[PDB]
Amino acid sequence: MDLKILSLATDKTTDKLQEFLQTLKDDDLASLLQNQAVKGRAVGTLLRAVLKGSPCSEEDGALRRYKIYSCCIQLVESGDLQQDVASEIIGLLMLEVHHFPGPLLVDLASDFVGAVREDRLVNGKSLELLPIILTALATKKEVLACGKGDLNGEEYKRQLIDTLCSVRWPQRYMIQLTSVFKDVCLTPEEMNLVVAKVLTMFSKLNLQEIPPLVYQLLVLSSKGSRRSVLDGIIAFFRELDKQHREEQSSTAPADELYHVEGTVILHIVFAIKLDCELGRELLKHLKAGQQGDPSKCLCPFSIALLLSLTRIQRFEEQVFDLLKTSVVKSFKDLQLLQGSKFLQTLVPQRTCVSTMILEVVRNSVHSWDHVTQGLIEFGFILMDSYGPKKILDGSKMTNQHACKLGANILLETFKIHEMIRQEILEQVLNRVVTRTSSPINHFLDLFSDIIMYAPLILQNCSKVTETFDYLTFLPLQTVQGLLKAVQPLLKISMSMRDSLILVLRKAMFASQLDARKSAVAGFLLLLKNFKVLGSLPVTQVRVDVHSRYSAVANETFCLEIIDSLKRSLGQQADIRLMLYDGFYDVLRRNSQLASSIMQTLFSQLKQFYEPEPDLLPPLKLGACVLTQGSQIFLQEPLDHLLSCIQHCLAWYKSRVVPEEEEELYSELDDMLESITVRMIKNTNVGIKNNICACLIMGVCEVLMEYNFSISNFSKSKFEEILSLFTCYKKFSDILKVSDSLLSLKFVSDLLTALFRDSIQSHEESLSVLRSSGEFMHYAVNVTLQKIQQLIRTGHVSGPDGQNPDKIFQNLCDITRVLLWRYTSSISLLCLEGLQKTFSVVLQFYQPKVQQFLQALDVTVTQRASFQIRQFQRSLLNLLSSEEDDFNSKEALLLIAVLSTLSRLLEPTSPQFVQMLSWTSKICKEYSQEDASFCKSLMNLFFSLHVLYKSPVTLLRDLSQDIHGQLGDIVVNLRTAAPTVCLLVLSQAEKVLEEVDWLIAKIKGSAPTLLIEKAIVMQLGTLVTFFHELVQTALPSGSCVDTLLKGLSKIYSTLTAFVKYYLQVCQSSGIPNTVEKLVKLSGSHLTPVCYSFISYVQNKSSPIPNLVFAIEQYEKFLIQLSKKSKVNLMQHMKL
């Protein structure tokens, strides 16, 4: 057998070879099976002769090969044969398949697809043939003899694959199956066929098997259809995530799901490394553009992918823009959706990219390192780009929200990942110490939060300590923020504390003022946190007890600082003031310092106080002014020195009651009274005088505060208090804002004492005051004036001035007292002050809103509608009994209180309706001739309304009024003409921006109709609105121009709606909705517009922007009508 085939190969073709074949016909099965079992290399050349013994020139040759090929295949898979034998066989089979005719290849490949149905091959090595078979097929474009011939080599190869995809691939070989398509050239349809079929399997595999498959899928994309490969993987995991996240609302999977996702992400980033198109495609795909997409575009998974893709340099800048710009879009849209009811009806709420990226951080816990570097780096880009800027140098909602998300990413990453903890910190600090005048405050806040989170990590932190060396070189605002935030570390690390002391010790010696001003802030801060235990008889820390570990702090620690600080009292006035403020804060926290601080304050007054009883200028105000070389400065703001000594004394008496102190506090009490009685009695010369004036004004304002808190009882002291105001007012007339020296706690107490407090024995208390009556609204002027100053900055003059809890308290105290007076001219001020209160509480203290409303007596919305009722009732009262000309001022700010409060009302709410409908009532049933009042009532009306239904009812109706009461060439002539004109125009313009966004939204999709018909009804009611105005005469000054701008906008909106249908009807019918209202423009608008422009030129003796708009509007109607269906444009001219 064997040997006799060896001659045929060395003899010649045909006769020798082919004849022996026809002789056998029986078993090439039993022969080949056992011939490899004997020797595999004797079988190795067994084919080469037999294959050249059966060419395609003869059928018995060709139709014979088909049997051999099927036997080789059968053995390779079933047999246990060694891989050298196995791979030698398919080596030959692959290299001899070249010349097989079209009919046979189809049969061979269909035998594979046949195997695919159900087989245990254990070998895909059989499948390695498939690629060579399918390609050899496509080579021949000629019909082949099979069945109905009718088909080229390309089509049988397409239908073969087509079937391979419809048959089920077994779980075992499917990897090898997909690596088979690796070598086979494909059509885009064949690609998307193989791809989308491989995807259908993902949901059927145990999770740990996907990463290798995804790898095997991605190698196909390289030749293939990138977008669909990616979109598939992404879409699969996005959905998978969705389910897991709903399991979270009701660790278990998290290990697997996210570890796999990481590996999968790690796999596709790896591909993007080898093939850039893959990357450029991932970006092209994910890129937002029109905003309907970026909501469905980005998901936590794809974002994590993008962030891990960051590691490949070239893609970094791009990944960040995509994310950066999507964070803004995501927000700015949701910011819009909350603004209009109609948008809510058409568009459902969407998880915003913000909370998505945060979920990436959250999910990053499980083995995603590759994702962190890009994470922290992105968080910074937000804080960098969106941080506050020009506020330091003489809708930012997005700017803020972006910047905060930058911080949140950064904070939360820090919490979750130990390994980057240091780099985050170093990165924050290095900006703080290194960055310009450019405001760093947002960075200090994060620094504060990181520390506050776990002070234990950074207790050592030389990187914090090393920061202190720049303490003098940094702006005071920074140094305070740095120190304040760094506190929890100081209480822990001794070496950091001692190092700060040593730094501050010599900071005090800096010639530069600002340097010393910092050094002081530092020591003052130290004193707040540090005790001694000394030689003695919020729980600060004892610096003294460890003497082996502290080379700096001793028992002298507290006094050592006070002495160091004493020297600043002889320095610039600006510093002394800062030291006065500090002394009080410090005294309150440290009891032992009472003597040392008081001593210092005492001996300071001694310089400015004339001891000789009754030399009528009881304080020497000449020494408060220094003059060097043509310039007169005030040093030592005496009025604060007094306030400080006042608040300390008040404290010492108040608090410490558990000797040389009692002699101090008596002698100062003596001095204050002495000053009390004796006190009631441009160009350099005058520049000094003006200072002294408001010095006294303060001094009196301080003595007022003191003599009150001295005793709240006697008529005799209130007689002085009035006389002290009589001195203050005296100079105040002779000539003032934040200058109130009254501590806010006092401004609270006395306003609560004056109005609410009667039940106390003395009516003479009130009367000595009420009867002056200028003092009455002066005391209401300080409060109203400090609340205002409280919205300019966050601070307030005196003690507990920056304490946000003490401020909130004082706000609650003051508010309900102003409410008592307004339920019952001073009563006007109370409202004005009452107004500023609410506005502050809401835009600063917002989370405390619930607390706030309680002090005044769904539950939050309850308190709101309760207060609203009381106000809306006294507005109605002002109107119902209104006498001729009454108040444009009280009616104005009474509405302001309502508008402020109405923002607390839930947009759904039963209570919200009470406010909206009530407002709608005042609009119909009233009018008045002061423009101030209507614009407010309208804004409030609109404000509430647009959260109910689209305004296009009010709009169309409001125009019918102005249109009727003006022109054609309840609000009256003086009302609606200049004012209520501009409002409906502005309001409608916004309603157009809405439509514009809707219109652009639908275009971007490449439930839809439900919106389109709402867009029509929206635009339809709006055309009716403008027609009223375009008819009517309006004052030529402004409203003319505003109506023009508003008009050209509709034409741009309609044009946008038009070229949208130019797009949508390329894939087409333009239903009655569209049509009917298209010519409703060319009837009610177009002609009426042309007539309005002539009104302007005939009266008068921007403009071109209206015509171009109408022209372009028609230019695309001409293109629309022609290229789609209807002659409507020809019906617009009729």
# chains A, B, ... in the order shown; residues from 1 in each chain; ligands from 1
call {"tool": "residues_around", "arguments": {"residues": "residue 1073 in chain A", "least_positions_apart": "4", "cutoff": "8 Å", "atoms": "only C-alpha atoms", "output": "PyMOL selection string"}}
result
chain A and resi 1013+1016+1077
call {"tool": "select_by_dssp", "arguments": {"residues": "range 420-647 of chain A", "states": "alpha helix (DSSP H)", "output": "PyMOL selection string"}}
result
chain A and resi 421-434+441-453+455-458+462-465+476-490+494-507+513-529+557-566+573-589+594-608+638-647
call {"tool": "atom_distance", "arguments": {"atom1": "CA of residue 698 in chain A", "atom2": "CA of residue 613 in chain A"}}
result
22.5 Å
call {"tool": "residues_around", "arguments": {"residues": "residue 505 in chain A", "least_positions_apart": "2", "cutoff": "9 Å", "atoms": "only C-alpha atoms", "output": "MDAnalysis selection string"}}
result
chainID A and resid 500:503 507:509 519 523 561 564
call {"tool": "write_last_selection", "arguments": {"atoms": "N, CA, C and O atoms", "output": "PDB file, in the first residue's frame"}}
result
ATOM      1  N   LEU A 500       5.291  75.506  63.922  1.00  0.00           N
ATOM      2  CA  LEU A 500       4.452  76.646  63.583  1.00  0.00           C
ATOM      3  C   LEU A 500       4.738  77.789  64.536  1.00  0.00           C
ATOM      4  O   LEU A 500       4.760  78.952  64.135  1.00  0.00           O
ATOM      5  N   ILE A 501       4.946  77.455  65.805  1.00  0.00           N
ATOM      6  CA  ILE A 501       5.324  78.455  66.792  1.00  0.00           C
ATOM      7  C   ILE A 501       6.597  79.152  66.339  1.00  0.00           C
ATOM      8  O   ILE A 501       6.617  80.366  66.181  1.00  0.00           O
ATOM      9  N   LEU A 502       7.650  78.377  66.107  1.00  0.00           N
ATOM     10  CA  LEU A 502       8.931  78.933  65.686  1.00  0.00           C
ATOM     11  C   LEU A 502       8.807  79.788  64.430  1.00  0.00           C
ATOM     12  O   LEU A 502       9.478  80.810  64.305  1.00  0.00           O
ATOM     13  N   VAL A 503       7.959  79.372  63.498  1.00  0.00           N
ATOM     14  CA  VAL A 503       7.752  80.148  62.283  1.00  0.00           C
ATOM     15  C   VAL A 503       7.043  81.453  62.614  1.00  0.00           C
ATOM     16  O   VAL A 503       7.441  82.516  62.148  1.00  0.00           O
ATOM     17  N   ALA A 507       7.838  85.556  62.482  1.00  0.00           N
ATOM     18  CA  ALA A 507       6.975  86.207  61.509  1.00  0.00           C
ATOM     19  C   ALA A 507       6.598  87.568  62.060  1.00  0.00           C
ATOM     20  O   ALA A 507       6.401  88.525  61.312  1.00  0.00           O
ATOM     21  N   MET A 508       6.515  87.639  63.384  1.00  0.00           N
ATOM     22  CA  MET A 508       6.155  88.863  64.083  1.00  0.00           C
ATOM     23  C   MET A 508       7.150  89.988  63.812  1.00  0.00           C
ATOM     24  O   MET A 508       6.821  91.163  63.960  1.00  0.00           O
ATOM     25  N   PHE A 509       8.363  89.623  63.412  1.00  0.00           N
ATOM     26  CA  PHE A 509       9.429  90.604  63.226  1.00  0.00           C
ATOM     27  C   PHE A 509       9.507  91.138  61.806  1.00  0.00           C
ATOM     28  O   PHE A 509      10.366  91.961  61.492  1.00  0.00           O
ATOM     29  N   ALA A 519       1.071  86.631  61.157  1.00  0.00           N
ATOM     30  CA  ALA A 519       1.675  86.107  62.376  1.00  0.00           C
ATOM     31  C   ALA A 519       0.700  86.193  63.545  1.00  0.00           C
ATOM     32  O   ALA A 519       0.566  85.251  64.323  1.00  0.00           O
ATOM     33  N   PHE A 523      -0.839  83.102  65.950  1.00  0.00           N
ATOM     34  CA  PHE A 523      -0.784  83.022  67.403  1.00  0.00           C
ATOM     35  C   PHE A 523      -2.188  83.003  67.996  1.00  0.00           C
ATOM     36  O   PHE A 523      -2.521  82.131  68.798  1.00  0.00           O
ATOM     37  N   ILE A 561       3.097  84.177  74.475  1.00  0.00           N
ATOM     38  CA  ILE A 561       2.411  84.638  73.270  1.00  0.00           C
ATOM     39  C   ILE A 561       1.755  86.001  73.465  1.00  0.00           C
ATOM     40  O   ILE A 561       1.900  86.892  72.626  1.00  0.00           O
ATOM     41  N   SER A 564       4.323  88.627  73.295  1.00  0.00           N
ATOM     42  CA  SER A 564       4.686  88.755  71.892  1.00  0.00           C
ATOM     43  C   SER A 564       3.626  89.568  71.159  1.00  0.00           C
ATOM     44  O   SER A 564       3.948  90.433  70.348  1.00  0.00           O
TER      45      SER A 564
END
call {"tool": "residues_around", "arguments": {"residues": "residue 310 in chain A", "least_positions_apart": "5", "cutoff": "12 Å", "atoms": "only C-alpha atoms", "output": "JSON, numbers by chain"}}
result
{"A": [265, 266, 269, 270, 272, 273, 279, 283, 303, 304, 305, 315, 316, 317, 318, 319, 320, 321, 322, 323, 369, 370, 371, 372, 373, 374, 375, 376, 377, 378]}
